[PDB]
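Chemist: Protein chains in written order, with PDB author numbering: chain HHH, 1 to 52, 52A, 53 to 82, 82A to 82C, 83 to 100, 100A to 100C, 101 to 215; chain AAA, 24 to 341; chain CCC, 24 to 340. My structure is below; once you've seen it, I'll send some questions.
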Ligand SMILES: [Mn+2]
Ligand SMILES: [Mn+2]
Ligand SMILES: [Mn+2]
Ligand SMILES: [Mn+2]
């Protein structure tokens, strides 16, 4: 019944700033202290900051001291983290965490996290190309069919099929950074070949970072 | 009578810091001179063992910081028990309202049939788990109500507290700022209180008459007056951590204290939440401190007409 | 219940403007959070027309702002009529007291048997002939009285207003400053009022008990609370227009609002003359604004002794 939900993740350039929010519900928000913990890509957890549940008591890791600024609004059940003068080093997922001091120190409830990217590159929306199912696999059994999401920055994109109506046989793969320092991925779905003749297939690709939501039909060629 | 003065410099952290200067301010407002003038034998026990930190901030708050208070209250309760057994009435200068735990505890050890009058804008009847670890500025009554024990957790440093008082033995005056649970607790456990509405409804005079009919109606009992300074309207009491508007008039609070004196049963008094760093100016500080001095003094006899000091002389040049 | 919040930034020319920030100041004092906490459905309709006070010169004072005001009130009355028909109670943030024309008009269109409680140091009841040229902030009641109609002139922008209320259906509280004609009008037309003297002589409690015996004595009716901020002692309410000393105590105004709530029949409320430009300091501004928030909140249930917010039981360790 009890949740934390992070928001306001985005790309920001060197010298830049950004405000992370964390919605709580299912407890008396003002009854407990809160904490920001970040996970750098392919590294362990690192504590950033924490704030007293009453409010007006703020502590910071020596890495973020005087650049970041914890805050909250108990009336609206929200924690925040104003981040100024961000450098590439600050790139990570930032998870808001309920802090409990009942005997010692432990964080008893986390959010789903939210990504912060500090690169001196530019947010780019994806190109979406249809994947030819199989010229051969047209007559018998089944055949794979998919969407290519190419040349988007930064992560993430989300893929659904026929607005999420089709999910049996769907497989969406992790992305990969090219040498051009740019992300691309694919999502494939397996349906019976006989159905392809008279069943429409459209992948829905949503890129929050450029707010591009492309719907792309996929059907066989000559 | 005899009066014992106990400094109790409690605090929550940097945010509520300055409560330790809380007593010293009331002292520096000539508390001693005024109680002296009333004819009271005055033993001042200085300031009690503090609630400081080393590095400060850190995880002290929510771990070491509340352990410090819980035990500080233990020390206080010991001094109070000692002072009260020696026959003294106990004045306790604050400090945050948390010190009330120790004082009502230590008082109850020789005066087990004592009743409480709680003059405060708040009810300070939250638990440790029904609210943030904000140093129990509004949690001192839970530990002391025998009816609330099955809903309070044994905390580190509060192992020593045994519930002194029934729910039908504390009466509140001055309520203005009550949290949702507190109102529930008060209605649920059937605890009697008179807020600003009830004040405006019947007038201060009826409040004191009802209060005394409840607490000391059927048996004379020693009275514990816990006075929070926020109780007075913030125009009067501008140097308190959490000031609530629409508070008691100067005359109403003197009238309470005066009424309390006239029962004759006053056994101990707490004067708290008077942290003066909160003041914008010297005058704001001193005016609050000076108000405190008055409240204590009024409780121990100082009045508008006669002011004790009986005069049967009738001079002439006959 | 349900509550509709209507910003109405009205004005009476330069040297008297700034009250338009009135609604925004009350908002910025956390009006929404507090009414939300009371457990009442909140539809905020933002600010109203806010005609950018034309060229701020000329004969605009003489005709442009008054014509625009008269019509602005028409728009307001429409929004109020709409909000009130949809079942909402109507909170109107001001703005000058003139917005009382539109609100009591729009309210009357679905609630024709409504009564008024006027909490204000002034009676705000002159005729437009009696105007001080800086016009309509303190003579709004006239257009609404259905017995002073034969003695009030059809003005530019005010063609739409038809007299909503009888003289025996408005009751005043807080009277401290009154022009001679207003006193005459009140005595002449037999309008009931309780001033500071009556407050001191009877006590706030009896004032509300009499007020309710007058208005809702023999018939349950919807109540329109028009609250002028100047009504409170200037020590409490220092950021207002033409503030008068010897005004209501904080506790007395809460007591009024509280009493009004208990009747249960509160249908609409106006909170007006809350000019922050008038304040010398930030604190003076915020303290007045914060007082406003309290008054609204007290009228809609906020009890000081603890909120009505439900609590089934407390936690377990
Ligand atoms: Mn207190
Ligand atoms: Mn208090
Ligand atoms: Mn007015
Ligand atoms: Mn007025």
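Just so you know, even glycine gets a beta-carbon here, dropped at the ideal spot from N, CA and C.
What are the start and end residues of the alpha helix (DSSP H) that includes residue 106/AAA?
Modeler: Residue numbering aside, residue 106/AAA sits at position 83 when the second chain is read from its first letter. Run containing residue 106/AAA: 87-108, per the alpha helix (DSSP H) assignment.
Chemist: Looking at chain HHH, is there any beta carbon in it that lies within less than 8 Å of the beta carbon of residue 84/AAA?
Modeler: What you label residue 84/AAA is simply residue 61 of the second chain in a count that begins at 1. Yes - at least one Cβ of chain HHH is within 8 Å of the one on residue 84/AAA.
Chemist: Can you list the residues of chain AAA that residue 32/HHH reaches, using a CB-CB cut of under 8 Å?
Modeler: For this step, residue 32/HHH is matched to residue 32 along the first chain. Residues of chain AAA passing the Cβ test: 155.
Chemist: Taking C-beta to C-beta, are residue 327/CCC and residue 218/AAA nearer than 8 Å?
Modeler: As a first step, residue 327/CCC is located in the third chain; it is residue number 304 there, counting from the start. As a first step, residue 218/AAA is located in the second chain; it is residue number 195 there, counting from the start. Cβ atoms of residue 327/CCC and residue 218/AAA: closer than 8 Å.
Chemist: I'd like to know whether the C-beta of residue 205/AAA is nearer than 8 Å to at least one C-beta of chain CCC.
Modeler: Along the second chain, one-based indexing puts residue 205/AAA at 182. Closer than 8 Å to some Cβ of chain CCC, the Cβ of residue 205/AAA qualifies, so yes.
Chemist: Are the stretch 31-42 of chain CCC and the stretch 152-160 of chain CCC touching by the rule of at least three beta carbon pairs closer than 8 Å?
Modeler: The answer is yes - the stretch 152-160 of chain CCC touches the stretch 31-42 of chain CCC, with three or more Cβ pairs under 8 Å.
Chemist: Let me know if residue 341/AAA comes out buried or exposed under the rule of 16 or more other beta-carbons within 10 Å of its beta-carbon.
Modeler: The residue given as residue 341/AAA occupies position 318 in the second chain. By the 10 Å Cβ count, residue 341/AAA comes out exposed.
Chemist: Along chain HHH, which residues have their Cβ under 9 Å away from the Cβ of residue 38/AAA?
Modeler: As a position in the second chain, residue 38/AAA is number 15, starting the count at 1. In chain order: 52, 53, 54, 55 and 56.
Chemist: Flag this pair as yes or no: are the beta carbons of residue 234/CCC and residue 140/CCC separated by less than 8 Å?
Modeler: Translated into the one-based positions of the third chain, residue 234/CCC becomes position 211. Translated into the one-based positions of the third chain, residue 140/CCC becomes position 117. In contact: residue 234/CCC and residue 140/CCC (Cβ atoms closer than 8 Å).
Chemist: In chain HHH, which residues lie with their C-beta within 9 Å of the C-beta of residue 81/AAA?
Modeler: Position 58 of the second chain, counting from 1, holds the residue named residue 81/AAA. Simply 58.
Chemist: With hydrogens ignored, establish whether the beta-carbon of residue 200/AAA is closer than 7 Å to any heavy atom of ligand 1.
Modeler: On the second chain, residue 200/AAA is found 177 positions in, with the first residue counted as 1. Flag unset: Cβ of residue 200/AAA not near ligand 1.
Chemist: Measuring CA to CA, which of 174/HHH, 111/HHH and 2/HHH is closest to residue 15/HHH?
Modeler: The residue you call residue 15/HHH lines up with position 15 of the first chain. For residue 15/HHH, the nearest C-alpha among the options comes from 111/HHH.
Chemist: Would residue 174/AAA pass as an interface residue toward chain CCC - the criterion being a Cβ-Cβ separation below 8 Å?
Modeler: Residue numbering aside, residue 174/AAA sits at position 151 when the second chain is read from its first letter. By this cut-off, residue 174/AAA is an interface position.
Chemist: Within 8 Å (strictly less), CB to CB, does residue 222/CCC reach chain AAA?
Modeler: Here residue 222/CCC corresponds to residue number 199 of the third chain, with the count starting at 1. No - not a single Cβ of chain AAA is within 8 Å of the one on residue 222/CCC.
Chemist: Hey, out of 74/HHH, 54/HHH and 129/HHH, whose CA is closest to residue 68/HHH's CA?
Modeler: Walking along the first chain from the start, residue 68/HHH turns up at place 69. It is 54/HHH whose Cα lies nearest to the Cα of residue 68/HHH.
Chemist: Considering Cα atoms alone, identify which of 79/HHH, 104/HHH, 77/HHH and 113/HHH is closest to residue 83/HHH.
Modeler: Walking along the first chain from the start, residue 83/HHH turns up at place 87. The shortest C-alpha separation from residue 83/HHH is found at 113/HHH.
Chemist: Residues around ligand 1, please: the ones whose beta-carbon is closer than 7 Å to some heavy atom of it, in chain order.
Modeler: With the cut-off at 7 Å, the residues found are 120/AAA, 143/AAA, 145/AAA, 147/AAA, 160/AAA, 161/AAA, 251/AAA, 253/AAA, 295/AAA and 296/AAA.
Chemist: By alpha-carbon positions, which one of 253/AAA, 296/AAA, 265/AAA and 288/AAA ends up nearest to residue 276/AAA?
Modeler: Here residue 276/AAA is taken as the residue at index 253 of the second chain, counted from 1. Of the listed residues, the one whose Cα sits closest to residue 276/AAA is 253/AAA.
Chemist: Bridge partners for residue 123/HHH per DSSP, in chain order?
Modeler: As a first step, residue 123/HHH must be located in the first chain, where it is residue number 130. Note: residue 123/HHH sits in a beta bridge opposite 140/HHH.
Chemist: Check whether the stretch 126-144 of chain AAA touches the stretch 93-110 of chain AAA, counting contact only when three or more Cβ pairs, one atom from each stretch, lie closer than 8 Å.
Modeler: The stretch 126-144 of chain AAA, when compared against the stretch 93-110 of chain AAA, does touch it at the 8 Å Cβ threshold.
Chemist: Give the residues from the stretch 311-334 of chain CCC that approach chain AAA closer than 7 Å (Cβ to any Cβ), ordered along the chain.
Modeler: Against chain AAA - using a Cβ distance shorter than 7 Å - the residues of the stretch 311-334 of chain CCC are 327, 328, 329, 330, 332 and 334.
Chemist: Can you have a look at residue 86/CCC and say buried or exposed, based on whether 16 or more other CB atoms are within 10 angstroms of its CB?
Modeler: The sequence position of residue 86/CCC within the third chain is 63, counting from 1. By the 10 Å Cβ count, residue 86/CCC comes out exposed.
Chemist: Can you list the residues of chain AAA that residue 277/CCC reaches, using a CB-CB cut of under 9 Å?
Modeler: Translated into positions along the third chain, residue 277/CCC becomes position 254. By Cβ distance, chain AAA contributes 219, 220, 223 and 269.
Chemist: Compute the Euclidean distance between the alpha carbons of residue 59/HHH and residue 76/HHH, then round it to the nearest angstrom.
Modeler: Here residue 59/HHH is taken as the residue at index 60 of the first chain, counted from 1. Here residue 76/HHH is taken as the residue at index 77 of the first chain, counted from 1. Cα-Cα distance, rounded: 21 Å.
Chemist: What I want to know is whether the C-beta of residue 265/AAA ends up closer than 7 Å to one or more non-hydrogen atoms of ligand 2.
Modeler: Locating residue 265/AAA in the second chain gives position 242, counting from the first residue. Under cutoff, so the answer is yes.
Chemist: Report the CB separation of residue 31/CCC from residue 137/CCC in whole angstroms; it is logged as a contact under 8 Å.
Modeler: Along the third chain, read from residue 1 onward, the residue named residue 31/CCC stands at position 8. Along the third chain, read from residue 1 onward, the residue named residue 137/CCC stands at position 114. Going by Cβ atoms, the distance from residue 31/CCC to residue 137/CCC rounds to 19 Å, so no, they are not a contact pair.
Chemist: Any beta-carbon of chain AAA closer than 8 Å to the one on residue 261/CCC?
Modeler: Residue numbering aside, residue 261/CCC sits at position 238 when the third chain is read from its first letter. Output row for residue 261/CCC: interface = no.
Chemist: Using the beta-carbon of each residue, which ones in chain AAA are nearer than 9 Å to residue 100A/HHH?
Modeler: Within the first chain, numbered from 1, the residue matching residue 100A/HHH stands at position 105. What residue 100A/HHH touches in chain AAA: 82, 85 and 86.
Chemist: Does DSSP classify residue 54/AAA as helix, strand or coil?
Modeler: By one-based count along the second chain, residue 54/AAA stands at place 31. Three-state result, residue 54/AAA: helix.
Chemist: Is the stretch 219-228 of chain CCC touching the stretch 184-193 of chain CCC, taking contact as three or more C-beta pairs under 8 Å?
Modeler: Verdict: no, contact absent.
Chemist: Whole angstroms is fine: what's the gap from residue 280/AAA's alpha carbon to residue 292/AAA's?
Modeler: Position 257 of the second chain, counting from 1, holds the residue named residue 280/AAA. Position 269 of the second chain, counting from 1, holds the residue named residue 292/AAA. Those two C-alpha atoms are separated by around 10 Å.
Chemist: What is the residue span of the alpha helix (DSSP H) that residue 230/AAA lies within?
Modeler: Counting from one through the second chain, the residue named residue 230/AAA turns up at place 207. Per DSSP, residue 230/AAA belongs to the alpha helix (DSSP H) from 227-238.
Chemist: So with CB distances below 9 Å, who are the chain CCC contacts of residue 198/AAA?
Modeler: Locating residue 198/AAA in the second chain gives position 175, where the first residue counts as 1. In chain order: 327, 328 and 329.
Chemist: Buried or exposed: residue 364/AAA, going by 16 or more other Cβ atoms within 10 Å of its Cβ?
Modeler: As shown, chain AAA starts at 24 and ends at 341. That puts residue 364/AAA outside it, with no answer to give.
Chemist: Rounded to whole angstroms, what's the CA-CA distance from residue 175/AAA to residue 205/AAA? Just pull it up for me.
Modeler: Here residue 175/AAA corresponds to residue number 152 of the second chain, with the count starting at 1. Here residue 205/AAA corresponds to residue number 182 of the second chain, with the count starting at 1. Their Cα atoms are separated by approximately 14 Å.
Chemist: Starting from the Cα of residue 174/HHH, find the closest Cα among 120/HHH, 100/HHH and 146/HHH and give me that residue.
Modeler: If you number the first chain from 1, residue 174/HHH lands on position 181. Looking at the Cα atoms, 146/HHH is the closest of the given residues.
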